[PDB]
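One structure below.
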Amino acid sequence: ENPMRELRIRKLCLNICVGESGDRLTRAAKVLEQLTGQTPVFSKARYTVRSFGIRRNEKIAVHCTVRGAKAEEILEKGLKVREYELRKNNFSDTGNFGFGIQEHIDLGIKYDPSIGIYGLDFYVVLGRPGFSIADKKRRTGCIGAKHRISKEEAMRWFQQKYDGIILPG
RNA sequence: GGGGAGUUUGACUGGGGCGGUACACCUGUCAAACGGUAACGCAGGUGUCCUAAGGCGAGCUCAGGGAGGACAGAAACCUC
Ligand SMILES: [Mg+2]
Ligand SMILES: [Mg+2]
Ligand SMILES: [Mg+2]
Ligand SMILES: [Mg+2]
Ligand SMILES: [Mg+2]
Ligand SMILES: [Mg+2]
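Per UniProt numbering, the first sequence starts with residue 9, numbered consecutively.
As structure tokens, this is what we get:
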């Protein structure tokens, strides 16, 4: 059949967005250290609304990206607590789906009384071999039409691989 | 120390004074497809700021919009 149309997870991005900066944000950074085995990166204050206590140039959220077998393992750990029920509204038109979970105690982490209670967003992006064209510098080119992931293809791949159930939104 | 002595009381201006600076320097139109071209013609500005907001080299692409993700809501952060 298709020679090299096998779908594959390009990366898995975890993101923890807290309200205020300080000790809680530092702890939300420490939790990702043991969750992903790598140092996260801080994102801060794209704007200034002041309606809930943020300003310009203030550390707000932490995030990171995992690729490869570790990304697949983290996605499996997330779908474990998710129990493999995804809604129809979780999938985007491009083929990327995210679910989000509750506080990270259900992932299999030893609870620490000093860290606190934080969750993550757990956004997943799907890909195919050949999507690295739009990322290189020597020559840039669009993906195309028959190669880009569709809407139904993502949920079909999810049902085929992880045997999850798709609920109507 | 106007008791006394000397001298001055800017210019433009639809009379003069008051008002204003068209009195020094810029942007667009007036301005009639080279340049130049007036009115107290119009619409606006300037007497500052920067050891970086100068120089070089590298990396990246912005404003906005569309579809998604726990608290998240028109606007928080992540991804396409
Ligand atoms: Mg006299
Ligand atoms: Mg006169
Ligand atoms: Mg002429
Ligand atoms: Mg001329
Ligand atoms: Mg350059
Ligand atoms: Mg581009």
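Backbone N, C-alpha and C fix where the C-beta goes; we use that ideal spot for every residue, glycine too.
query, result
"Decide yes or no for the touch test of the segment 47-64 against the segment 86-103: beta carbon pairs closer than 8 Å, at least 3 of them.", "no"
"Note the first and the last residue of the continuous beta strand (DSSP E) segment covering residue 131.", "131-135"
"Would residue 74 and residue 50 be called neighbours here (beta carbons separated by less than 8 Å)?", "no"
"Nearest to residue 183 by CA position, among 32, 27, 42 and 87, is which residue?", "Since the first residue shown for the chain is 9 and the last is 177, residue 183 is missing from the structure and cannot be characterised."
"Going by other Cβ atoms of all chains shown within 10 Å of its Cβ, with 16 needed for buried, is residue 150 buried or exposed?", "exposed"
"Pairs of beta-carbons, one from the segment 29-42 and one from the segment 122-130, closer than 8 Å: are there three or more?", "yes"
"For residue 77, tell me which candidate among 68, 44 and 65 has the shortest Cα-Cα distance.", "44"
"Could you tell me whether the Cβ atoms of residue 165 and residue 15 are closer together than 8 Å?", "yes"
"So, are the CB atoms of residue 94 and residue 17 less than 8 Å apart?", "no"
"Between the beta-carbon of residue 83 and the beta-carbon of residue 109, is there less than 8 Å?", "no"
"What is the residue span of the beta strand (DSSP E) that residue 74 lies within?", "67-74"
"Buried or exposed: residue 79, going by 16 or more other Cβ atoms within 10 Å of its Cβ?", "buried"
"Count the other C-beta atoms from every protein chain shown that fall within 10 angstroms of the C-beta of residue 155, then say buried if there are 16 or more, exposed otherwise.", "exposed"
"Taking the alpha carbon of residue 97 as the reference point, which residue from 72, 61, 141 and 162 has its own alpha carbon closest?", "162"
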